[PDB]
Structure formats: C-alpha cells, structure tokens
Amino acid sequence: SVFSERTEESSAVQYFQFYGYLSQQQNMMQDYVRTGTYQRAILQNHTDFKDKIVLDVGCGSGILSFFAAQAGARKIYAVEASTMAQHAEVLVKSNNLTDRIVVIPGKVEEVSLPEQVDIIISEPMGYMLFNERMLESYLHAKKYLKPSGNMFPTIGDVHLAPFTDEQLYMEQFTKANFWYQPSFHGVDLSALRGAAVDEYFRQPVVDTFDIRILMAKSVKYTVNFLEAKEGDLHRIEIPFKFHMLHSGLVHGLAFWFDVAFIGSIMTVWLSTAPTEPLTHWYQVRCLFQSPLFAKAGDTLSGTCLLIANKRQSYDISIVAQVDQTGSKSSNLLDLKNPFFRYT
C-alpha cells in the first residue's frame, strides 16, 4: 500500500496505538475551536451534505461523520485504521445511524469503498500543518471522489514569520550547559556540550506566544486540497522575503496554519494563529542557530524546505539571510521530536 511504503512499521504502530486511546480522541474532541468550527462548517453548508455521499478520512470517534449526518447526508463512509474504529461502530449503533454511517476499519490507502463520494471530510492537520503526514492520506482518498467533488477542508495555509525571543534562545544554552562542567561526580562532561546544544536546537518548540514578538508580516504557503497530489507533500519548498517592521535580533521563524471550508453557502475558517484563541496545535517555533540582526525596513530572505521522512514527519531545513548585510543563518530541525514548552 501507498501508506506502508512511506511509513516505517514502528512509527505506524506507535501512531495508531496513540489514536486508539479514548483520552486522545477526547483531547481532540474537547478542542472547542476545532470541533465547533468543523460542526459549523458542515452544518452552515448543509446543501453540500443534504442527501449526499460522504467520506470521512480517519473518523476516530466518528464525530465529523455525525456532524455530516446532522447536515442530512445520505451515506457516510467512515474510515479508521486504529482500534478506535470499533468504538466508532458502537456509537453509530447507539445513535441509531447504522443506515447512514458505515464504519470501515483500516487505512484509507488499503480499504475498498463500494461507491464514489460527493465530498471528503477529514481532520488531518498536525503541528505546523504537515506533521504526521496525514494530509497525504486525505489527498490519497480523492481516488474515491467524484469529479467536481468537494473537500472539507478545501485549502490549508501555512504561515511563517520571523520572531525575537531572547529568553527562548538563551534557554537552550542554559539547558545544554549542564554538560559544560569538568567534574560532574568526578566526570568531565564538557566534550558533549556541543552535541547537547545541537540536539536542543533540532527541536521545534511547541507553545504559544505574544504576537508582539513577531517582526514582520507572515508569508503564506497554500495547499489546495482539491488540486494537490500526495507527491506534492514529499518536498515542500517555502521561499520567503520578510520586510522587517521592527528592528532587532531575529531568533527564528514562527509557524501556524489556517484551513478553509469552501462550501456552496459560505466559506468557514479554522485558524491556529497567535491572534486567535488557543487550540491544541498551539504554534510552532524553529530557532536559528545564530540570531540575525535586522533593522526595520531591512529584508530577511531565504527558504524553508520541508522533506518528508518515513517517521510520518518532516526534516526541516531553514536558511535565512539579511539582504542588506549578508549575515546568514541555517538550521536543521526534526519535526518528529518537538519540545512541548507550553505550561
């Protein structure tokens, strides 16, 4: 299967074991912004669902499928690969919807659907949108979508912006400098200080922040789920040219994302921006190894390259330079092992 080919089995096992827990499903369900916005997007665009055939990619508890049912869908195929699939089946029965919702256990890349569908619904977004690589399953599912069929969400925007946060930056060295002591219980640890610094900076930082740390208007990279192919997500190149609104040291790039449900009646947005109420996605920050000084009016140019790996995540390569000075910075990050800083 397309899934097995791009995924190490260990990662897959861990991944689907994770979503097999009712507590995790609960965690997602209790994100009111997320769940409420999905429900609103579906119900307020009822003409896109009334008497239509729906596919729910990775249904988990089945919540989105129930929303599709509330909107008057004729038939909903709810595909789920973790053991949660059996819990979803229990809920379909207890909610007396066996005639409209059909739970299909397995990976969307591997199962068979009896018919083509009018619309695909899913919640495949991870940290900085792409983590977990579930968007590829979402796009893969379009083999079951009728021509002129729709996708909910329809588009996803990843936003990047430079930030300044001296304390976050210094924190890394504060932690790494544990190893910079010549006699920890008689042992000289200093030779590993460099490796410890490297390790900490390889971790994207998951948490939220004050919008005032942002130093320029965000650059946006858009994925149109109606048009995109799975292969499009294997290598994501995000060029950027920031026009600095404030002077100071740029310690790295902040990441967040929006998705839009573009229905026949209206477009509904779900945003994880730092200007919006917090979600379980928080925001993500990737530090530069060396901060870059910029003046208001300077331009900070470069590239963020996301390379998919078989651990259902991305290797992140960020290169940035201040055009006016030529001062340059690079970093390589492992999105699979983020540092959850939020407290």
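Just count from 1 along the sequence shown to find any residue number. Here the rigid core means the biggest group of C-alpha atoms that line up within 1.5 Å when the two forms are laid on top of each other.
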Practice item. Any chance you could tell me whether 189-197 or 215-223 drifts more in 8 other deposited structures of this protein, judged by RMS CA distance from this form after superposing on the core? Key: 189-197
Review point. Core-superposed in 8 other deposited structures of this protein, which stretch deviates more in Cα positions, 132-140 or 180-188?
Key: 180-188
Study note, to complete from the structure: Ranked by mean Cα B-factor in the entry, 169-177 and 250-258, top stretch is 169-177
Exercise for review: Averaging only over Cα atoms, indicate whether 16-24 or 322-330 has the higher B-factor in the PDB entry.
Suggested key: 322-330
Exercise for review: For the C-alpha B-factor as written in the entry, point me to the maximum among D207, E227, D157, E123.
Suggested key: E227
Review point. If you compare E237, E115, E136, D198, which has the highest Cα B-factor in the entry?
Key: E115
Review point. Lowest, middle or highest third of the chain for the C-alpha temperature factor of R193?
Key: lowest
**Study point:** Chain third (lowest, middle, highest) by recorded CA B-factor, residue given as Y282
**Key:** lowest
**Study point:** Ranked against its chain, the third holding the CA B-factor of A294
**Key:** highest
Practice item. Ordered by C-alpha B-factor within the chain, which third holds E80? Give me lowest, middle or highest, please. Key: middle
**Study point:** Within-chain third of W269 by Cα B-factor, per the entry
**Key:** middle
